[PDB]
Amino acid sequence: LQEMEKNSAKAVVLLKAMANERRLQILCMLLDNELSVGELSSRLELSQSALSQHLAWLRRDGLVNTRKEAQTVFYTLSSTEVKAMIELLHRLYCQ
């Protein structure tokens, strides 16, 4: 069974994208919500740069969508997989 290899390939792309405290926090705060870079940096207490690297990771692997308004960059959860995963992690670890 090596279809498990491609399945685990994409799945591990997702997990590696999520296997980080800051990135996981970002993803958790973006669930059922839409936040900006300033809001994320404020609620997570991070510099916009240290936040920008993580957001760059999330954008590159297609876990988040970006929308520009004025001088504000809004982020949202992108794929259904990351939405479901974040929901499950939220139910298991946040309530």
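In this text, residue numbers run from 1 along the sequence as written.
Legend: mean Cα B-factor per stretch from the PDB entry, 67 to 75 versus 11 to 19; the higher mean is in 67 to 75. The entry lists a Cα temperature factor for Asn33 that places it in the highest third of the chain's modelled residues. Among the modelled residues of the chain, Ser52 sits in the highest third by CA temperature factor in this PDB entry. Per the PDB record, residue ranking by Cα B-factor puts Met4 in the highest third of the chain. Sort the modelled residues of the chain by CA B factor and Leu88 lands in the lowest third.
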